[PDB]
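Asker: I'd like to ask some things about the structure below.
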Amino acid sequence: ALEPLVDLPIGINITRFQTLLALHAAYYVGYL
Amino acid sequence: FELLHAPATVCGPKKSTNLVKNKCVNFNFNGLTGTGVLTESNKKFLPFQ
Ligand SMILES: *[C@@H]1O[C@H](CO)[C@@H](O[C@H]2O[C@H](CO)[C@@H](O)[C@H](O)[C@H]2NC(C)=O)[C@H](O)[C@H]1NC(C)=O
């Protein structure tokens, strides 16, 4: 169960995203 | 105006009283007008509620 962290009233009309990786593990993506 | 059960951040200039407990009172919390006995409770609200 996931509690909220943040809400942004920032008005973006989004359609796309990506992650960011740190360098000089795995990740999973699903939809609502 | 946003009306929600989430924490308020804009309020009218109503002066806050002290809190009175174990006694029947006519309360108002952030515009939440009601009437009842306010008392300390073991309901552990999550930090966002
Ligand atoms: C939100 O932004 C998108 C572009 O990022 C707008 O365009 C999309 O929706 C239109 C609906 O009429 C389509 O005509 C476009 O082809 C479509 N474009 C893409 C790339 O998906 C969209 O209109 C915006 N939302 C509103 C309510 O206008």
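Chain labels run A, B, ... following the order of the structure tokens; each chain numbers its residues from 1, and ligands are numbered from 1 in the order shown.
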Need the shell around residue 4 in chain B: protein/DNA/RNA residues with any atom at most 12 Å away, counting only C-alpha atoms. Skip same-chain ones fewer than 6 positions apart. Format as a PyMOL selection string?

Answerer: chain B and resi 30-32+49

Asker: Write a file of the just-selected residues containing C-alpha atoms, as an mmCIF file, in the first residue's frame.

Answerer:
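Output file part-v5.cif follows:
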data_model
loop_
_atom_site.group_PDB
_atom_site.id
_atom_site.type_symbol
_atom_site.label_atom_id
_atom_site.label_comp_id
_atom_site.auth_asym_id
_atom_site.auth_seq_id
_atom_site.Cartn_x
_atom_site.Cartn_y
_atom_site.Cartn_z
ATOM 1 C CA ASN B 30 -10.582 24.735 9.269
ATOM 2 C CA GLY B 31 -14.293 25.534 8.435
ATOM 3 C CA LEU B 32 -15.474 22.033 9.629
ATOM 4 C CA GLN B 49 -4.547 12.646 6.632
#

Asker: Taking only C-alpha atoms and all ligand atoms into account, report as a CSV table (one decimal) with N, CA and C atoms, in the first residue's frame which residues have an atom no farther than 10 Å from an atom of ligand 1.

Answerer:
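out.csv was written with the following content:
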chain,number,residue,atom,x,y,z
A,12,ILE,N,0.5,20.7,-16.5
A,12,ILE,CA,1.1,20.0,-17.7
A,12,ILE,C,0.1,19.1,-18.4
A,13,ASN,N,0.0,19.1,-19.7
A,13,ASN,CA,-0.9,18.2,-20.5
A,13,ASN,C,0.0,17.0,-21.0
A,14,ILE,N,0.5,16.2,-20.1
A,14,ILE,CA,1.5,15.1,-20.3
A,14,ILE,C,1.0,14.0,-21.3
A,15,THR,N,2.0,13.5,-22.0
A,15,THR,CA,1.8,12.2,-22.8
A,15,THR,C,3.0,11.2,-22.7
A,16,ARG,N,4.2,11.7,-22.2
A,16,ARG,CA,5.4,10.8,-22.2
A,16,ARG,C,6.3,11.0,-21.0

Asker: Using DSSP on the backbone coordinates, identify all residues within chain B classified as strand (DSSP E or B); present the result as a list in words.

Answerer: residues 24, 25, 28, 29, 32, 33, 36 and 37 of chain B

Asker: Work out how far CA of residue 37 in chain B is from CA of residue 23 in chain B, in Å to one decimal.

Answerer: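 Distance reported for this atom pair: 5.2 Å.
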
Asker: May I ask you to extract the residues of chain A within 10 Å of chain B, using only C-alpha atoms, and to give them as number ranges by chain?

Answerer: A: 3-6
